[PDB]
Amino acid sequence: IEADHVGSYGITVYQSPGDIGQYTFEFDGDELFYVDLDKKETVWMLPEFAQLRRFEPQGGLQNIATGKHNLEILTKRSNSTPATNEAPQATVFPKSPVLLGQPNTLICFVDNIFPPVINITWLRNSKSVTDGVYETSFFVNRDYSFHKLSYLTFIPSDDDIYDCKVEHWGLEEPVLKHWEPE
């Protein structure tokens, strides 16, 4: 299916057990927003967009409630066939060209995620990082698995080396994707 643009207004994913749900809007492959089911708010990736357009979160909640409902019905229909765990594959790359001393952002792109539950964290010199980390929601893939990206702000230097740690049910042990400047 070719086209100039593609808007996915209301991707709704629900998972059990755990009552895990996600509601997002994507435009041309990018995340417009996700609705925080707990806080009940529309969280826009580009905050400025929330000034020119708006979405009532209730629509998000409602669609999720229905997702939940159709999950029971479909689980029963398949005679409780569980989701197969896939092995997520991560790739680390810098946002901007690497320059000693110039602020940058390391991006961890994790693909083939399924089910949509995962932990993506950063290690700097083999130690966990907390600050300067941000993450996207799960993006849909043509094969119905998901992809997600994690972000780490950093300054390229001689002593610092990094790792993107991916922990998932389809992985026997957390995987580390190593990255160091040149």
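From 1 onward, residues are counted along the sequence shown.
Taking the mean C-alpha B-factor of each stretch as recorded, 169 to 177 and 21 to 29 are not equal, and the higher mean is that of 169 to 177. For the two regions 97 to 105 and 79 to 87, the entry's Cα B-factors average higher over 79 to 87. Across 45, 129, 149, 118, the entry's maximum B-factor at the CA atom is seen for 129. Ranking 133, 35, 140, 65 by the C-alpha B-factor listed in the PDB entry places 133 at the top.
In the deposited entry, the Cα temperature factor of residue 125 sits in the middle third of values across the chain's modelled residues. The entry lists a Cα temperature factor for residue 57 that places it in the middle third of the chain's modelled residues.
For residue 145, the recorded CA B-factor ranks within the middle third of the chain. Only modelled residues enter the ranking.
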